[PDB]
Amino acid sequence: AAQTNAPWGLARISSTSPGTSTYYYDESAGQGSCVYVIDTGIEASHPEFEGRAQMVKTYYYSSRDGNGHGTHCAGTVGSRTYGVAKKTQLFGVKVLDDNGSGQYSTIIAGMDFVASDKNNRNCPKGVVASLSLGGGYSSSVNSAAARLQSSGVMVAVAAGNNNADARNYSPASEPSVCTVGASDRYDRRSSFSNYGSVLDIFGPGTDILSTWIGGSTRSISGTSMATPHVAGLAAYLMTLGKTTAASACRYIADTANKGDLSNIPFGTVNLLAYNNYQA
């Protein structure tokens, strides 16, 4: 399948070169997979989600996304126009309040929630969790991400936006999950992207168009935007049967575009997520 005039990041993930604008992908499109977006919520009524999104859990007075961040991330995972995996099922877990903040204890509870809740959902092709959040190093936060991964969920986490070594941030620094840095449309490391040996992969993160609350759209930047590209890619590849939740991060790194990004610090992987789809 070909989506013309796609957001640059979608085009990038199906291309061996920057500077194109069509996204190419197998029509299975993540059908039969599920992606949990652990964030500020998801505006599931957005036409872009086509009934495939739902809120399953909140720790606050509403499950609605009063911020937009979670809706944007969910759109990059799986919206019809802005999403990598256009037929996946999206499940929202609201661990962040409408200001975008959340206590680590709530975030940990949300991760353990997903590890159990997947047993209440139909995801024959596999389960992914996208975590566009983080703060300073916490062994308990890292351990929660490790448990979620161990339970059979492909965990993708943002590296962070500090232009610093991600070893000092959580859950970015957890070795067993997929830690995602951000790149721009010219294949440069995004100016804010964290780096370091703990990163597994880069995805598009600068000037990413996606869904927003109020049935709208907007372009924003962050490792929060790169992470759902990788989460959606994992769901897409699991639906194709090419990899599993336990092996998808390594498979994405195996099959990435290699050595094409600029301003990658010595010791950080130079790997850009790529679907290897041959139309």
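Residues numbered from 1 in each chain as written, not as in the entry; some residues may be left out. Heavy atoms only, no water. Residues with missing side-chain atoms left out of burial classes, pairs and counts.

Peer 1: Where do I start with the state of the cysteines in this structure?
Peer 2: A covalent bond bridging the sulfur atoms of two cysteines is what the word disulfide describes. Enumeration over the complete set of coordinates arrives at two disulfides. Each disulfide pairs two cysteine sulfurs, and for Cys34 the partner residue is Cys123, the sulfurs being separated by 2.0 Å. Across the disulfide from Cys34 to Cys123, rotation about the S-S bond amounts to roughly -95°, and the bridge is consequently left-handed. Taken together, the residues span a long stretch of sequence, with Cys34 in strand 3 (residues 33–39) and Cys123 in the loop between helix 3 (104–117) and strand 6 (126–131) at a distance of 89 residues. (Disulfide = S-S within 2.5 Å. Helix = DSSP H or I, 4+ residues; strand = E, 2+ residues; numbered from the N terminus.)

Peer 1: Could you clarify how one ought to interpret the environment of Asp165 in this entry?
Peer 2: With respect to the helices and strands, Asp165 occurs in the loop between strand 8 (153–158) and strand 9 (169–170). As a C-alpha pair, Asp165 and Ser197 span 32 residues in sequence and 8.2 Å in three-dimensional space. Those residues in contact with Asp165 that sit more than four places away from it in its chain are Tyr195 and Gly196. In terms of polar contacts, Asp165 uses its side chain to reach the backbone amide nitrogen of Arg167, at 2.9 Å. (Contact = heavy atoms within 4.5 Å. Polar contact = N/O pair within 3.5 Å; in protein donor to acceptor, adjacent residues only side chain to side chain.)

Peer 1: I tried to follow the packing of aromatic side chains on my own but got confused; where do I start?
Peer 2: Here the distance between the centres and the angle between the planes together describe a pair of aromatic rings. Summed over the entire model, instances satisfying the criterion amount to two aromatic pairs. Ring geometry for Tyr36 against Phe91: centres 5.1 Å apart, planes inclined by 55°, an arrangement best described as tilted. Residue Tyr36 is located in strand 3, and its partner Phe91 is located in strand 5 (residues 89–94); the two are separated by 55 residues in the primary sequence. For the pair formed by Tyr36 and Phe91, the shared burial category is buried. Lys57 extends its terminal NZ or CZ atom over the ring of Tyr59, reaching a point 4.9 Å from the ring centre. The ring centre of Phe91 lies 5.4 Å from the NZ or CZ of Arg121, which sits over that ring. (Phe/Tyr/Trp six-rings, centres within 6.5 Å; stacked < 30°, edge-to-face > 60°. Buried < 20%, exposed > 50% of the residue type's maximum accessible area, 1.4 Å probe, protein only. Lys NZ or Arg CZ within 6 Å of the ring centre and 35° of its normal.)

Peer 1: Please explain the UniProt feature "active site" in the chain as it appears in this structure.
Peer 2: Under the feature "active site", the UniProt entry names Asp39, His69 and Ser224. Spatial clustering of the annotated residues is evident: they stretch over 186 residues in sequence, but the largest pairwise C-alpha distance comes to 9.9 Å. Along the chain, the position of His69 falls in helix 2 (residues 69–78). Excluding residues that lie within four positions of it along the chain, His69 makes contacts with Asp39, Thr40, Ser132, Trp212, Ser224 and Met225. One can find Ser224 in helix 5 (residues 223–239). Overall, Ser224 belongs to the buried group, its relative accessible area being 10%. Non-local contacts of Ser224, meaning those with residues more than four positions away in its chain, are made with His69, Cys73, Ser132 and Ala158. (UniProt positions renumbered as here; feature names shortened; annotations may be inferred.)

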